[PDB]
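Just below is one structure, and these are the notes that go with it.
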Amino acid sequence: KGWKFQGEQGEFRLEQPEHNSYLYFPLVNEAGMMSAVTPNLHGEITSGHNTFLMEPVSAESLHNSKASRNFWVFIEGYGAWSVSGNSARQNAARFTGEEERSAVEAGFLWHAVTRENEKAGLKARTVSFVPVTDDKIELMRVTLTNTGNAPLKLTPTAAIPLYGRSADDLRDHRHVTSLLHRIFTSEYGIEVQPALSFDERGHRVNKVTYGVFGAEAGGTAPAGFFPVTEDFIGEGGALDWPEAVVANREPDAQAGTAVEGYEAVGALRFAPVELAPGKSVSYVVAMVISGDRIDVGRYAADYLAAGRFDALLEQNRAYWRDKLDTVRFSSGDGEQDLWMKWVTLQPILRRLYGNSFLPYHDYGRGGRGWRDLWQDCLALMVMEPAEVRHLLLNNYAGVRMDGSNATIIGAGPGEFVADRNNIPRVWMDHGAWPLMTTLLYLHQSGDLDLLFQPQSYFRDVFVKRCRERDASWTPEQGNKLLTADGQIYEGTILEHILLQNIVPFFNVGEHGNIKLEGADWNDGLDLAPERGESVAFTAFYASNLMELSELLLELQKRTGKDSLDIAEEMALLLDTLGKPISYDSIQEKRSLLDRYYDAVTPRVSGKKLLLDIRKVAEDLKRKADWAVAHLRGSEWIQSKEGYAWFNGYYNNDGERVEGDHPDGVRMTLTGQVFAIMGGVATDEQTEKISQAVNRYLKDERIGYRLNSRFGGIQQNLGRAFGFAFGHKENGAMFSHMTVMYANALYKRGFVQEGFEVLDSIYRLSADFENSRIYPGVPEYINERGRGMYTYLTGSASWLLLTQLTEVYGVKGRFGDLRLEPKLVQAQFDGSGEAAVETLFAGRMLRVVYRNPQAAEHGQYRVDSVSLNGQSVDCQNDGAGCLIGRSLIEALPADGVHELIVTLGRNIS
Amino acid sequence: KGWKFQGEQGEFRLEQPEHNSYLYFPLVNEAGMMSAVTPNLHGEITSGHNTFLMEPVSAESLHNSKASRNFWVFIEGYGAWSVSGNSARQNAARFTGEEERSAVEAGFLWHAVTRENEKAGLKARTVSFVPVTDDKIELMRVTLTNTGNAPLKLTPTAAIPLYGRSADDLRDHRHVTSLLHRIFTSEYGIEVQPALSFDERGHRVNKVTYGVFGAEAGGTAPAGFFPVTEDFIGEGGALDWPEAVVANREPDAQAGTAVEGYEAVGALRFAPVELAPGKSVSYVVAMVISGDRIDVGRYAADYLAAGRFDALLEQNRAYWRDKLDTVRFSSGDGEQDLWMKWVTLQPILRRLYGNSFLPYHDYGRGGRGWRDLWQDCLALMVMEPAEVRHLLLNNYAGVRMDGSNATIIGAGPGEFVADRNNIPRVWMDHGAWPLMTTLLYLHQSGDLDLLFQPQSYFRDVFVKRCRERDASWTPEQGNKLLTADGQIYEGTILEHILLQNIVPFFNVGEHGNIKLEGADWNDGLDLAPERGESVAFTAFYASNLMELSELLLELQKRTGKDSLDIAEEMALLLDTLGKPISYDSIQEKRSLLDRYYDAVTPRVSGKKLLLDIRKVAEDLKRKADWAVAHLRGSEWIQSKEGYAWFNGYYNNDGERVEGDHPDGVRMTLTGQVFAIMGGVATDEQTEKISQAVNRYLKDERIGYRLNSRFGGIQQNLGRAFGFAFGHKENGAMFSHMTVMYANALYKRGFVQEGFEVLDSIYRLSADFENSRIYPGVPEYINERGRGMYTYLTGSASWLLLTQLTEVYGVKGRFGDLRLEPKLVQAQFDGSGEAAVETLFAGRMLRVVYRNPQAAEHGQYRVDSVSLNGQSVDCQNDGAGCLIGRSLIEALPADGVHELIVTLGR
Ligand SMILES: [Cl-]
Ligand SMILES: [Cl-]
Ligand SMILES: [Cl-]
Ligand SMILES: [Cl-]
């Protein structure tokens with residue numbers, strides 16, 4: 001019943017594709033055309049929240065709305081027929097065993113729908129893609145073929161239903177705003193340019209223009225048009241059975257006609273044609289969004305002229321092949337290797353959609369959040385590392401002097417927007433992710449000097465981590481932290497990082513773990529700001545502080561830096577250097593944090609202290625050691641049944657969330673992941689955690705759940721518990737957290753367990769009968785096994801990163817290349833090999849692991865390593881081998897350089 | 001081919017009704033169930049913005065969404081079939097000449113869709129109505145009849161697609177919010193009660209429950225259910241072709257099943273049945289919204305038991321017949337008389353829908369605006385007068401001490417909400433409508449003492465007609481104007497009225513007419529707050545001031561009141577009493593108004609002056625005379641062609657809006673109406689205005705336009721000009737203003753002209769081929785002749801009122817009954833009669849005008865008047881005859897009392 005890969009480049013085919021609800025496929029470009037296309041050509045087309053070409057949709061629209069893209073043929077002796085099956089007549093064959101043969105084929109990045117009218121002897125194939133040009137444009141090519149024994153007489157009509165305004169107008173002033181429409185017909189099609197826009201921006205003049213144009217393959221313009229939706233469908237008609245097509249009416253309008261005040265359709269009537277047996281005719285349709293009236297002449301020459309569609313499709317295929325060839329996996333599981341190419345696409349899709357504008361993602365307006373700033377750097381480090389350094393530098397401008405950060409991202413490089421009107425949430429984990437991302441950069445690049453670049457701090461009306469409003473703020477101060485004498489304060493990137501991690505350490509709740517604030521990574525743990533605690537992310541901050549300590553000593557060891565320049569007020573938080581407070585006292589830690597807040601609000605002095613890098617490291621290690629001992633001694637729990645794991649949470653009544661409970665044990669995956677990843681969990685505790693996970697969270701049908709079932713809503717904890725169990729942030733297999741769990745297991749050497757987790761995600765995703773999704777990893781697998789919120793999920797970045805840097809084990813260590821395979825025997829192919837092609841230190845490498853002895857992980861070691869046909873010496877034997885960055889950089893820039901790692905068995 | 005009336009109570013029928021786009025019919029009750037139903041059973045069902053049972057829709061949804069109410073029959077030998085024609089199979093017959101025979105019949109207040117499957121020998125009839133009980137409920141009865149020669153085997157499935165949450169979720173978090181759904185099945189159907197609500201109110205616990213229940217005619221419960229929409233439609237299915245029906249699957253769920261996290265459908269599978277030739281089976285479906293989980297047992301007993309649908313439908317018919325029988329017209333145009341019964345319904349509909357929740361009305365959230373507070377009193381004064389006095393008193397609490405008013409209406413009696421976050425618009429005409437409404441009340445009731453009742457004034461952060469923010473404001477001031485000593489200030493209703501009308505007099509622009517502010521009645525004249533002027537409403541205020549003057553002298557003449565108690569600071573604005581300023585000086589009028597504003601901001605002193613009622617009247621007449629002379633002398637314009645009329649507007653560049661212009665003369669209807677109505681236009685000017693209207697605004701196809709064509713957007717005037725010409729506030733036949741034009745013409749004795757106007761509205765509305773609406777008056781007739789924004793339009797209140805008080809001429813004069821017919825000869829029936837049944841001074845009267853000499857208007861007069869078979873004396877010959885209120889009040893309370901007015905030459 002499912003899709004099947006064809007060829008070796010990731011192309012797939014699915015038979016009878018409209019027999020599955022809710023399917024859609026993405027077409028997008030950098031210019032900003034963002035489309036979704038279903039098996040009957042429904043979906044949406046937009047350049048932003050305020051500029052939808054086709055009507056904004058959600059999931060239920062995909063079956064319930066008749067307004068798909070469409071292309072009609074009026075077939076002599078048969079009548080009206082949709083090339084995608086979206087007509088009332090064709091839809092009425094569903095569930096009667098009389099459905100027409102159909103298929104979807106797709107690739108990088110294009111989509112093809114096929115259909116056969118056996119009765120009439122007609123076949124159609126409709127190819128959709130977004131060209132890789134600088135226009136906001138989607139193209140469609142319909143090819144019709146006479147498969148029968150006699151000539152067919154056909155009258156074609158393209159029909160792209162238009163919306164042409166803000167999603168704010170979907171219902172609210174939907175009809176009123178239709179009165180603002182202005183339609184202009186020209187030789188090749190229809191433009192709609194509303195006179196005004198009425199939406200949440202207010203009432204303004206509009207110039208944005210939405211166009212539908214078309215031509216025959218040979219360049220011939222349409223014979224005429226039906227630009228007005230109500231006239232096209234006819235009195236009592238609809239877009240899946242429109243009178244103009246069904247009664248084969250003469251066109252309403254020719255070129256040069258203007259019509260005002262009506263909903264519009266890009267309905268293009270082509271000349272009738274006699275199609276000989278075995279012959280084809282094709283039509284090209286272009287859907288365009290532009291900032292002003294369209295130069296229809298240029299668009300016709302560029303997109304509709306004979307041969308342009310085909311040339312541009314080849315350009316699309318080459319551009320996407322080039323983007324995705326930066327990472328290629330090769331293993332014994334060829335299907336998973338191909339599925340991984342789709343995973344590899346997803347991080348790009350998230351960037352170019354702004355996590356929005358696909359049917360399930362029905363609320364996004366295309367912006368970026370704080371998390372995205374750091375997360376987007378993960379795939380880029382592997383696939384396109386040139387801009388990573390600049391992004392990281394810019395991102396740190398968003399940090400406040402209390403360690404919190406701006407939460408609305410602006411247009412410009414390192415631009416952040418203050419909202420003085422809405423009191424914003426603080427997410428307690430926002431300070432943890434930046435160091436994780438930045439450390440990866442440091443280890444891939446070797447660019448330790450990034451840490452000493454200067455950067456400003458964000459400043460707005462909100463102080464003491466949004467606990468109060470500063471009465472002294474003005475528009476005249478601007479959005480940057482100021483010194484006493486009025487200058488923009490600048491500190492090192494490292495100063496920003498230290499602040500982000502040290503502040504949460506002191507911001508403890510009544511049970512001594514770091515406060516939940518408005519939520520952590522689970523945005524649905526939003527109802528415990530007063531007394532909630534994220535033990536889960538206390539582990540992450542503990543680990544961050546420890547890594548920082550190690551980082552600083554390594555900076556001294558490598559850079560020779562003996563000193564750190566830090567704002568003088570931050571010396572209060574590095575209490576180990578002066579008069580140390582008791583970290584066992586919640587009162588003392590909170591009081592100290594209050595003194596710090598007072599010292600830096602509204603302004604800093606601008607004086608900096610130069611502090612011994614070892615002494616700062618020592619302070620960070622004291623904090624980290626304290627947190628580790630506290631978590632192990634106070635937050636390690638056990639059920640009566642005998643399983644044990646880490647409590648992740650305290651609720652808004654100050655109660656421990658996890659453990660035994662009426663109606664079942666309560667456990668969270670999030671409470672385990674960072675404990676494992678960061679080392680708070682001992683090896684023994686990690687083994688025990690994995691047993692508890694497998695007992696309480698691992699579902700036989702849907703895999704590793706985010707949490708076990710809490711009965712009913714949990715109004716002292718979060719809105720997540722209002723979702724049905726097994727959906728979204730309540731107990732679904734939430735891919736992002738599950739992948740991080742696997743990553744954590746691989747990091748700690750629990751390779752078979754890690755493998756099981758990663759393999760479960762793939763198996764679930766690829767089990768089409770239940771998942772009902774195309775190749776890729778979804779945001780979650782739900783209670784019924786369905787894949788939900790496709791393509792845009794951050795889990796793809798983590799899956800890609802984990803497969804590369806943990807499973808195949810190709811990763812940087814201070815700029816040097818560390819190779820440490822964690823492949824299991826089953827992953828090696830019929831030639832005893834598994835390989836990855838990957839970019840490192842500006843060179844493309846094919847890292848090939850040879851396991852001729854077919855040893856399991858734990859039974860093998862690196863016997864020898866060769867590069868470009870020559871022996872490489874390595875500065876390690878245990879763990880894995882380490883190759884100096886110079887040897888990579890010395891390779892030629894052109895071509896793929898093969899690096900062969902031969903694996904042999906262990907002695908004794 | 002249009003609708004046709006059947007019988008004499010306003011019931012109509014339309015053949016092949018789904019052959020027309022966008023049709024819908026309203027079903028509503030006082031309890032708050034608000035529904036729309038189309039010929040294929042689409043539309044919507046809601047109790048408010050946040051509590052939609054069926055998905056929120058606009059006009060395009062009515063064809064584009066498959067999620068109609070539906071009822072399916074799986075017919076052995078034929079397969080799946082929709083009783084309303086909404087299946088993929090049946091829709092595919094449209095435009096092929098193979099469509100099934102169908103009809104809509106409707107009445108007060110119910111709807112019936114019929115359909116025939118000729119192939120199978122099956123007929124269906126589906127009746128929808130909202131019971132007039134205290135529940136928020138819609139009922140549906142489907143009756144199936146075997147019209148063939150052999151038994152039919154039928155499997156029925158009701159299917160009401162559910163939404164069950166806020167319109168805010170239509171797309172935004174549509175899917176996320178589906179995860180909050182909780183579905184519960186019981187013996188008689190399906191309940192959906194979301195665990196939480198996520199909408200513009202925030203994230204909250206929800207208890208509201210949406211139910212779909214059903215039974216066979218005899219009370220037998222459904223055999224089972226398909227509560228989950230995706231399971232009902234099946235993989236790749238849709239609501240117009242759902243697998244559960246099409247493949248005739250066994251039910252997914254029985255009573256006692258709970259399902260969480262999925263969009264829901266009220267899909268009720270009834271037991272299969274063998275239907276004999278000629279025989280019928282019926283099913284009843286109930287759609288319910290409740291504040292908490294539904295007592296399904298009680299609903300089954302009350303709504304699903306054998307015979308309850310029929311009893312409740314009869315109760316519905318009797319309730320609505322009783323509401324609408326308060327006004328009945330009878331003339332030579334029987335069809336118009338019946339169409340007027342639908343017009344008579346509309347003011348009730350506007351109240352019970354809150355001008356919202358019908359497909360075209362896709363933005364209203366069910367509240368009331370300032371205008372509604374006064375406008376709603378119009379229909380109530382003639383249909384249901386008991387609460388009118390209380391409403392009027394409460395409404396005046398919303399006036400600020402600068403004559404402006406609150407624009408957000410609250411929950412409680414005379415509750416008004418401060419806006420606070422948005423700097424709000426001031427609508428310059430908001431102060432004019434209250435006196436108009438109140439004067440009508442005074443003349444219908446005789447209750448002159450209303451004018452002396454005390455009332456507070458509204459107070460918020462906005463002062464000087466929202467030109468500045470009060471620096472002294474806090475939450476601790478509260479929502480009411482305070483005295484110097486800290487007391488809530490109270491002034492008479494008359495004080496409020498005087499203020500509302502005197503302030504605009506001084507608030508003049510650079511050309512000397514009253515400032516446009518954020519708009520007048522045309523809400524789309526919103527882009528000239530700095531320099532715009534509404535000459536149009538300057539005429540209305542001029543007339544109001546003159547009527548006030550007359551009112552005060554009449555108060556003295558009747559009440560014996562020699563004094564008016566008025567806040568001392570308002571004496572500044574009655575400058576005729578002290579040191580008069582020059583009304584010819586814009587500077588002096590504005591300066592004086594500034595001194596007044598300063599005197600009452602932030603507080604009044606609380607001291608009142610007693611002022612001679614004649615002297616106040618004299619001040620008001622001076623103002624009114626000044627305004628009249630200024631408008632006649634400065635705003636009367638003429639085109640080069642020789643037509644002449646009143647300029648209505650100055651734009652934000654201080655330019656005169658109307659007159660000759662490149663690409664065509666610019667004229668507004670609004671600039672004429674109040675000039676005529678209020679007397680600013682002389683009789684000569686009124687004749688000339690009517691010629692100019694007919695020349696520039698009267699379209700042969702669509703009737704009296706609101707304005708002539710201004711080419712392109714007009715960003716120094718208003719957003720209205722961004723609408724396509726002939727739509728909404730840009731040049732459509734906008735019924736409300738056109739009716740007021742007619743009213744104005746009748747008032748001034750231009751009866752043939754008035755008749756033409758009113759008759760055009762009817763003809764346009766009833767020309768179904770173009771209008772494509774059911775009986776009633778629409779908000780506008782558009783460029784293509786289509787009726788738009790049906791049912792809820794305030795034009796119905798004006799049409800009703802004008803037909804009663806001007807055309808038939810049955811109106812109050814200080815509580816006495818004045819009869820002054822303005823019927824044309826063609827309006828009299830074959831017996832030479834035209835009549836109106838109407839409620840006056842608490843009695844139902846049938847006023848019959850007999851015109852045996854067939855005289856035209858202007859050629860006839862009142863020869864004699866008789867009441868219940870006895871001669872009535874009249875205290876008037878000129879204008880019309882006047883009957884003392886006592887003679888009416890002395891009549892018996894039960895029954896309709898006939899009052900025969902014989903007309904001679
Ligand atoms: Cl067929
Ligand atoms: Cl956003
Ligand atoms: Cl058929
Ligand atoms: Cl509202």
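Naming scheme: A, B, ... for chains in displayed order of the structure tokens; residues 1 onward per chain; ligands 1 onward as shown.
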Residues of chain B no more than 8 Å from chain A, counting only C-alpha atoms: send them over as a PyMOL selection string.
chain B and resi 18-22+56-59+63-67+87-89+91-92+94-96+171-175+179-181+195-196+203+234-239+241+243+246-247+260-261+360+362-363+713+719+722-725+727
Hey, what does DSSP flag as alpha helix (DSSP H) within segment 18-100 of chain A? Can you give it to me as a VMD selection string?
chain A and resid 61 to 64 88 to 91
With N, CA and C atoms retained, could you export that selection as a PDB file, in the first residue's frame?
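That gives us selection39.pdb:
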```pdb
ATOM      1  N   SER A  61      -9.306  21.091   5.627  1.00  0.00           N
ATOM      2  CA  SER A  61      -9.517  21.688   4.292  1.00  0.00           C
ATOM      3  C   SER A  61      -9.111  20.757   3.129  1.00  0.00           C
ATOM      4  N   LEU A  62      -8.107  19.932   3.352  1.00  0.00           N
ATOM      5  CA  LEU A  62      -7.554  19.121   2.283  1.00  0.00           C
ATOM      6  C   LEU A  62      -8.578  18.134   1.703  1.00  0.00           C
ATOM      7  N   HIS A  63      -9.567  17.738   2.502  1.00  0.00           N
ATOM      8  CA  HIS A  63     -10.713  16.993   1.994  1.00  0.00           C
ATOM      9  C   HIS A  63     -11.979  17.832   1.842  1.00  0.00           C
ATOM     10  N   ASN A  64     -12.175  18.814   2.717  1.00  0.00           N
ATOM     11  CA  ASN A  64     -13.448  19.509   2.814  1.00  0.00           C
ATOM     12  C   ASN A  64     -13.616  20.699   1.863  1.00  0.00           C
ATOM     13  N   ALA A  88     -16.578  16.402  -8.928  1.00  0.00           N
ATOM     14  CA  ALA A  88     -17.668  15.727  -8.243  1.00  0.00           C
ATOM     15  C   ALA A  88     -17.878  14.308  -8.785  1.00  0.00           C
ATOM     16  N   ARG A  89     -17.801  14.159 -10.106  1.00  0.00           N
ATOM     17  CA  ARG A  89     -18.019  12.887 -10.754  1.00  0.00           C
ATOM     18  C   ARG A  89     -16.963  11.885 -10.361  1.00  0.00           C
ATOM     19  N   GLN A  90     -15.697  12.283 -10.461  1.00  0.00           N
ATOM     20  CA  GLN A  90     -14.603  11.371 -10.129  1.00  0.00           C
ATOM     21  C   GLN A  90     -14.556  11.050  -8.635  1.00  0.00           C
ATOM     22  N   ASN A  91     -14.805  12.055  -7.792  1.00  0.00           N
ATOM     23  CA  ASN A  91     -14.839  11.832  -6.338  1.00  0.00           C
ATOM     24  C   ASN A  91     -15.924  10.834  -5.946  1.00  0.00           C
TER      25      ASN A  91
END
```
Please give me, as a count of residues only, the residues lying within 8 Å of ligand 3 when counting only C-alpha atoms and all ligand atoms.
4
Quick one: residues within 10 Å of residue 197 of chain B, only C-alpha atoms, excluding same-chain residues fewer than 4 positions away - as a PyMOL selection string?
(chain A and resi 722) or (chain B and resi 50+164-166+169+177+180-181+193+201-208)
Using backbone DSSP assignments, extract all strand (DSSP E or B) residues from segment 602-761 of chain A; output them as a PyMOL selection string.
chain A and resi 604+608-612+636-638+644-646+649-650+656+659+666+668+698-699+703-704+707+714+718+727+730+733-734
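If one restricts the calculation to only C-alpha atoms and all ligand atoms, the set of residues situated within 6 Å of ligand 2 consists of residues 364, 365, 366 and 367 of chain A.
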Surrounding residues as an MDAnalysis selection string, ligand 4, max 10 Å, only C-alpha atoms and all ligand atoms
chainID B and resid 49 354:356 363:369 408:409
Output N, CA and C atoms for every residue in that selection, as a PDB file, in the first residue's frame.
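See selection-v9.pdb below for the written result:
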```pdb
ATOM      1  N   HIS B  49     -19.654  33.972  19.261  1.00  0.00           N
ATOM      2  CA  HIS B  49     -18.372  33.956  18.557  1.00  0.00           C
ATOM      3  C   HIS B  49     -17.486  32.776  18.988  1.00  0.00           C
ATOM      4  N   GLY B 354     -27.681  39.749  16.906  1.00  0.00           N
ATOM      5  CA  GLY B 354     -26.688  40.803  17.202  1.00  0.00           C
ATOM      6  C   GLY B 354     -25.953  41.238  15.946  1.00  0.00           C
ATOM      7  N   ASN B 355     -26.709  41.372  14.858  1.00  0.00           N
ATOM      8  CA  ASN B 355     -26.180  41.742  13.544  1.00  0.00           C
ATOM      9  C   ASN B 355     -25.020  40.857  13.049  1.00  0.00           C
ATOM     10  N   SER B 356     -25.034  39.579  13.412  1.00  0.00           N
ATOM     11  CA  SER B 356     -23.894  38.677  13.201  1.00  0.00           C
ATOM     12  C   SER B 356     -24.359  37.270  12.881  1.00  0.00           C
ATOM     13  N   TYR B 363     -18.093  38.933  10.121  1.00  0.00           N
ATOM     14  CA  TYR B 363     -17.224  39.543  11.119  1.00  0.00           C
ATOM     15  C   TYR B 363     -17.856  39.923  12.439  1.00  0.00           C
ATOM     16  N   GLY B 364     -19.167  40.124  12.474  1.00  0.00           N
ATOM     17  CA  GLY B 364     -19.816  40.466  13.733  1.00  0.00           C
ATOM     18  C   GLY B 364     -19.571  39.405  14.824  1.00  0.00           C
ATOM     19  N   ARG B 365     -19.432  39.869  16.062  1.00  0.00           N
ATOM     20  CA  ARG B 365     -19.338  38.965  17.227  1.00  0.00           C
ATOM     21  C   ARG B 365     -20.547  39.060  18.129  1.00  0.00           C
ATOM     22  N   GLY B 366     -21.647  39.602  17.617  1.00  0.00           N
ATOM     23  CA  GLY B 366     -22.948  39.534  18.298  1.00  0.00           C
ATOM     24  C   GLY B 366     -23.273  40.663  19.269  1.00  0.00           C
ATOM     25  N   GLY B 367     -22.362  41.613  19.436  1.00  0.00           N
ATOM     26  CA  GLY B 367     -22.632  42.755  20.306  1.00  0.00           C
ATOM     27  C   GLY B 367     -23.578  43.774  19.661  1.00  0.00           C
ATOM     28  N   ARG B 368     -23.778  44.866  20.366  1.00  0.00           N
ATOM     29  CA  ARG B 368     -24.539  45.998  19.892  1.00  0.00           C
ATOM     30  C   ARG B 368     -23.607  47.207  19.861  1.00  0.00           C
ATOM     31  N   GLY B 369     -23.809  48.067  18.862  1.00  0.00           N
ATOM     32  CA  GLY B 369     -23.164  49.368  18.786  1.00  0.00           C
ATOM     33  C   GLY B 369     -24.083  50.452  19.314  1.00  0.00           C
ATOM     34  N   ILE B 408     -18.538  51.078  23.077  1.00  0.00           N
ATOM     35  CA  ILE B 408     -18.570  49.640  23.396  1.00  0.00           C
ATOM     36  C   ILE B 408     -19.658  49.459  24.446  1.00  0.00           C
ATOM     37  N   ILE B 409     -20.660  48.639  24.122  1.00  0.00           N
ATOM     38  CA  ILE B 409     -21.807  48.393  24.995  1.00  0.00           C
ATOM     39  C   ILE B 409     -21.539  47.164  25.836  1.00  0.00           C
TER      40      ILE B 409
END
```
Give me the residues within 7 Å of residue 444 of chain A as a PDB file with N, CA and C atoms, in the first residue's frame, counting only C-alpha atoms and dropping any in the same chain fewer than 5 places off.
```
ATOM      1  N   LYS A 811      33.205  13.663  13.565  1.00  0.00           N
ATOM      2  CA  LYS A 811      32.955  14.889  14.323  1.00  0.00           C
ATOM      3  C   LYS A 811      34.278  15.600  14.536  1.00  0.00           C
ATOM      4  N   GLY A 812      34.197  16.895  14.789  1.00  0.00           N
ATOM      5  CA  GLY A 812      35.351  17.665  15.155  1.00  0.00           C
ATOM      6  C   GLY A 812      35.698  17.563  16.630  1.00  0.00           C
ATOM      7  N   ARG A 813      36.991  17.708  16.937  1.00  0.00           N
ATOM      8  CA  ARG A 813      37.496  17.945  18.300  1.00  0.00           C
ATOM      9  C   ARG A 813      38.523  19.069  18.191  1.00  0.00           C
ATOM     10  N   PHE A 814      38.162  20.237  18.712  1.00  0.00           N
ATOM     11  CA  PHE A 814      38.922  21.484  18.572  1.00  0.00           C
ATOM     12  C   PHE A 814      39.444  21.747  17.154  1.00  0.00           C
ATOM     13  N   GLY A 815      38.655  21.406  16.138  1.00  0.00           N
ATOM     14  CA  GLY A 815      39.064  21.613  14.749  1.00  0.00           C
ATOM     15  C   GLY A 815      39.692  20.407  14.082  1.00  0.00           C
TER      16      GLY A 815
END
```
Grab the atom CA of residue 405 of chain B to atom CA of residue 531 of chain B distance for me, in Å with one decimal place.
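Taking atom CA of residue 405 of chain B as the start and atom CA of residue 531 of chain B as the end point, the length is 21.3 Å.
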With a distance cut-off of 12 Å and only C-alpha atoms, select the neighbouring residues of residue 378 of chain A, excluding the residue or stretch itself and same-chain residues fewer than 4 positions from it, and output the selection as a PyMOL selection string.
chain A and resi 344+347-348+351+371-374+382-385+387-389+391-392+433-434+436-441+444+794-802+804-805
Leaving out residue 123 of chain A and any residue of its chain fewer than 6 positions from it, which residues lie within 8 Å of it when counting only C-alpha atoms, given as number ranges by chain?
A: 114-117, 144-147
Counting only C-alpha atoms, what is within 12 Å of residue 132 of chain B, bar same-chain residues fewer than 6 positions away, as a list in words?
residues 27, 28, 29, 30, 31, 32, 33, 34, 108, 109, 110, 138, 139, 309, 311, 312, 313, 314, 315, 316, 317, 318, 319 and 320 of chain B
Length of the atom CA of residue 350 of chain A to atom CA of residue 210 of chain A vector [Å]
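We find that atom CA of residue 350 of chain A and atom CA of residue 210 of chain A lie 24.5 Å from each other.
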Of the candidates A:345, A:793, A:119, A:860, which shows the shortest atom-to-atom distance to ligand 1, using only C-alpha atoms and all ligand atoms?
A:119
Kindly give the distance, in Å, that separates atom CA of residue 352 of chain A and atom CA of residue 413 of chain A, rounded to a single decimal.
16.8 Å
Kindly indicate which residue among A:103, A:120, A:498, A:287 lies nearest to ligand 1, using only C-alpha atoms and all ligand atoms for the distances.
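When distances to ligand 1 are compared using only C-alpha atoms and all ligand atoms, the smallest one comes from A:120.
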Tell me which of B:524, B:832, B:424, B:161 sits closest to residue 461 of chain B, counting only C-alpha atoms.
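Result for the nearest residue to residue 461 of chain B: B:424.
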